[PDB]
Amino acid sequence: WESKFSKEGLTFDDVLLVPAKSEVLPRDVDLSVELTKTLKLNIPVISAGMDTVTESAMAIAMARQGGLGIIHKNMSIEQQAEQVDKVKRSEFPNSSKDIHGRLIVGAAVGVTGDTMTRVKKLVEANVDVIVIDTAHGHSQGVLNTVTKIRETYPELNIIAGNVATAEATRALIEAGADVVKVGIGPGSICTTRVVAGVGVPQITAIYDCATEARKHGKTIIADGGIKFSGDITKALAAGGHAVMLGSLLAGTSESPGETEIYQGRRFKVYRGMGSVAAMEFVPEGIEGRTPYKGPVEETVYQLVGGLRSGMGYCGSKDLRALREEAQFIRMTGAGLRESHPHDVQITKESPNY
């Protein structure tokens, strides 16, 4: 009862990274990360397991750039296994590949009667990682599913989430998860925080969960709330090993969403998997759209470029240095307004702003 209000949470717009001594240019920093010893990325960027972000074209484009795509689960078992199989069979100097030289891929599952059959067919399609993808990962049903998957497939890479506390992170890892996916409500189209009243500001969520994961030698995926390339530097410096992106990739050519025309501008639909449209209720997502942006490679190049620039300012030669050594400073809303362009009429913006 007395402790009810002591905790304080920060998100991306509350903080800046403090520059430090640099000896490594942005172009020479190392962006590789091992989520597990058999799940290695050359850039710390994952496309979300959402029906408006990732099917095989997005998963192929992401692995060719050294990242990872998660095939969404809003499709039949047989359809999802075929999508994984198309990525595995695809035929890019930064490409992330398995021991057989095939592009890496992941696939989402839920906690339903079907889960173990879905996992079996995805493993037979040589998926590199399963994502146990739920609204509330800190739940007995989720812990039971992690355990049953880990028992059936002792070497299978498992990402489980979503969570936002040290205690939940601990519980998923004790059940057998390799990677904990962090974020409760920060998503661009998510309304969890408003309709349920629940969540943790994302920089605090990442930091608290990464602090726990490090005790177990496991890794974090920072899922949600990222709006700019600098938010990637921030998410990783807070402890994340890799980021997961939805809205920043939903407008790209390889995303599966419907196109919409409005005021002569092309958009693609972007919607929550908690929206009335995706689950088909008391919804925890809404439906929106984001401008058409062209090939995902051009968006990734700008996002990775901002990350490399941030690492050069922090003097981080690699992502371990960024996670372990980078320092934040807290800012007010006046700090935030100074950090964006201000007091000038803007005519032309940039790919990255």
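Residue numbers here begin at 1 and follow the sequence given.
K.L.:
According to the entry, how many residues of the deposited sequence fall between residue 91 and residue 92 and are not modelled? Options: none, 1 to 3, 4 to 9, 10 or more.
P.N.:
According to the record, 4 to 9 deposited residues lack coordinates from residue 91 to residue 92.
K.L.:
Does the entry skip any residues of the deposited sequence between residue 280 and residue 281, and if so, is it 1 to 3, 4 to 9, or 10 or more, or none at all?
P.N.:
A long stretch, 10 or more residues, is missing between them.
K.L.:
Which is higher on average in the deposited entry, the C-alpha temperature factors of 291 to 299 or of 312 to 320?
P.N.:
Mean B over CA atoms: larger for 291 to 299.
K.L.:
Averaging CA B factors per stretch from the PDB record, which one is higher: 148 to 156 or 234 to 242?
P.N.:
The stretch with the larger average C-alpha B-factor is 148 to 156.
K.L.:
Choose from 100, 227, 215, 72 the residue with the greatest Cα B-factor as stated in the PDB record.
P.N.:
Out of 100, 227, 215, 72, the record gives the largest C-alpha B-factor to 100.
K.L.:
Highest Cα temperature factor in the entry, among the options 208, 223, 260, 178: which one is it?
P.N.:
Comparing C-alpha B-factors across 208, 223, 260, 178, the maximum falls on 260.
K.L.:
What third of the chain does residue 11 rank in for C-alpha temperature factor, lowest, middle or highest?
P.N.:
Lowest third.
K.L.:
Place residue 77 in the lowest, middle or highest third of its chain's C-alpha B-factors, as listed in the PDB entry.
P.N.:
Its C-alpha B-factor, which the entry lists for residue 77, ranks in the highest third among residues of this chain.
K.L.:
When the modelled residues of the chain are sorted by Cα temperature factor, does residue 21 land in the lowest, middle or highest third?
P.N.:
Tercile = middle for this residue's CA B-factor.
K.L.:
Is the Cα B-factor recorded for residue 332 in the lowest, middle or highest third of its chain?
P.N.:
It belongs to the lowest third of the chain when residues are ordered by C-alpha B-factor.
K.L.:
Looking at the entry's B-factor column for C-alpha atoms only, identify whether residue 134 ranks in the lowest, middle or highest third of its chain.
P.N.:
As the PDB entry reports it, the C-alpha B-factor of residue 134 lands in the middle third of its chain.
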